[PDB]
Amino acid sequence: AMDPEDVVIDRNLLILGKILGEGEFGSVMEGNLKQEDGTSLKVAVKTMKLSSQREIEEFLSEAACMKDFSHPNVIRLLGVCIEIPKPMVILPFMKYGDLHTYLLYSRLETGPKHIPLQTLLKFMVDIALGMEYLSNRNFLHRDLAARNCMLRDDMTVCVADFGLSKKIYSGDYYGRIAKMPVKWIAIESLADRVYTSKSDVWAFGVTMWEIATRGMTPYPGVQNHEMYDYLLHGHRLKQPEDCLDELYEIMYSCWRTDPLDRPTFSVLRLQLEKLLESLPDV
Ligand SMILES: Cn1cc(-c2cnc(N)c(C(=O)N[C@H]3CCC[C@@H]3OCc3ccc(-c4ccc(C(C)(C)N5CCN(CC=O)CC5)cc4)cc3)c2)cn1
Ligand SMILES: [Cl-]
Ligand SMILES: [Cl-]
């Protein structure tokens, strides 16, 4: 581990806590990071169930690039701790957790109160702003979904889970790609497993539909194994109940068969901001 970009944090400065979530490709843990002035900082730690020195050095160069992300709607990586080397990414702790679980909790009496239409649109604007920033830096996210967007203590949404994210043209580091959820994958990416910025636009449309349905799984009544054939026949996500016709037309533009017919994040973000401006206060 040469690390010329100084992204590695001394492992001894990190105290691991409770596991927040576990999956086939890693886990998220609560943690404390001892700062220079002796005061501890509450952080989240993402581990990955993978190795080589060149693979870890390439991993640290990618981490160093993500550490320079400066946008309120994009999570900022604090550093990487190493443990055969086992890397763990250190992130700021997002109080409210992921947006998907938050939408589900909102449908319970004890959870957050009923989310107004305007607040749902504001979550979509936030994600579009974050994706516009990443897209302008030539990043492909490749795993955009409401479960991968986080809520800060001020209720601003930030795009997170950069585990499959890569610059366009860069080497594909990884397997981990082939096991991703089929219901967020663009039709051309199911047929060839190749992603572009237009594949992220498709996933963004799916994420807007998740927000508008308050956390429903995409395509009710359709099984994962039928998805490619379903999309090949021209079928798309149906309009949710109480979803403005204007908002649904923005979602449907994300799922045009030809990726080149789909809009960019800059255009989507402006269309959503204009629609939100045209609505009354809550
Ligand atoms: C119940 N509860 C939970 C909380 C909670 C509170 N606060 C949090 N921050 C989290 C929380 O963190 N939750 C994560 C789960 C999903 C969404 C969110 O994700 C964050 C996140 C960001 C960034 C990464 C990343 C991963 C690899 C990399 C490198 C650079 C290492 N890799 C190298 C390999 N390349 C290959 C490319 O193909 C990709 C990039 C760089 C960043 C990975 C994960 C959870 C509260 N309540
Ligand atoms: Cl549907
Ligand atoms: Cl419909």
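Because only heavy atoms are used, hydrogens play no part in the values below, and waters and symmetry mates are left out as well, while side chains stay in. Residue numbers run from 1 in the order of the sequence given. Atoms within a ligand are numbered from 1 in the order they appear, just like the ligands themselves.
Between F123 and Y102, the two ring planes are perpendicular [angle over 60°; tilted spans 30° to 60°]. Taking the six-membered ring for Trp and thresholds of 30 and 60 degrees, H71 and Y133 have ring planes inclined between 30 and 60 degrees apart.
Using a distance-only test at 3.5 Å, with no hydrogens or angles considered, a donor-acceptor pair links the side chain of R236 to the main chain of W255. For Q35 (side chain) and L41 (main-chain N/O), no donor-acceptor pair under 3.5 Å exists by modelled atom type.
For the side chain to side chain donor-acceptor pair (under 3.5 Å) condition, the pairs that include at least one residue of residues 199-215, sequence neighbours left out, are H114-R214, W184-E210, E188-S199, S189-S199.
Where the criterion is an N or O separation shorter than 3.5 Å, residue side chain and backbone included, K95 fails it with respect to ligand 1. Taking any N or O of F59, backbone or side chain, none lies under 3.5 Å from an N or O belonging to ligand 1. Considering both main-chain and side-chain atoms, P92 comes within under 3.5 Å of ligand 1 through a nitrogen or oxygen pair. Here's the thing with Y96: none of its N/O atoms is less than 3.5 angstrom from an N/O atom of ligand 1.
At a threshold of 4.5 Å between non-hydrogen side-chain atoms, the residues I177 and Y195 count as touching.
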Check the pair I127 / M124 against side-chain contact (heavy atoms from CB on, under 4.5 Å), numbers first and verdict last. CA-CA 5 Å; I127 296 165; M124 304 176 194; 5.8 Å; no
Check the pair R147 / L99 against side-chain contact (heavy atoms from CB on, under 4.5 Å), numbers first and verdict last. CA-CA 6 Å; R147 67 189 172 265; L99 180 57; over 6 Å; no
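Ligand 1 is never approached by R176 to a heavy-atom distance shorter than 4.0 Å.
Under 4.0 Å from ligand 1, the heavy atoms of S165 that appear belong solely to its backbone. Residue contacts with ligand 1, taken as heavy atom pairs separated by less than 4.0 Å, do not involve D98 at all. Contact annotation: for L91 versus ligand 1, heavy atoms closer than 4.0 Å belong to the side chain alone. Using a 4.0 Å cut-off between heavy atoms, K46 contacts ligand 1 through its side chain alone, with no backbone atom that close.
The option from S27, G23, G97 that lies nearest to atom 47 (N) of ligand 1, judged by heavy atoms, is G97. The closest heavy-atom contact to atom 28 (C) of ligand 1, among the options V43, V89, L78, comes from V89.
Each of the following atoms of ligand 1 lies closer than 4.0 Å to a heavy atom of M66: 30 (C), 40 (C), 41 (C), 42 (C). Close contacts of ligand 1 with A44, meaning ligand atoms under 4.0 Å from a residue heavy atom, involve 7 (N), 8 (C), 9 (N), 10 (C), 12 (O). Near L77, with a cut-off below 4.0 Å to any heavy atom, the atoms of ligand 1 are 41 (C), 42 (C). Near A160, the atoms of ligand 1 lying under 4.0 angstrom from a non-hydrogen atom of the residue are 18 (C), 19 (O), 20 (C).
Ring-centre distance between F139 and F69: below the 6.0 Å cut-off.
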Distance-only criterion, 3.5 Å: show the donor-acceptor pairs between side-chain atoms of residues 87-97 and protein atoms not counting sequence neighbours.
none

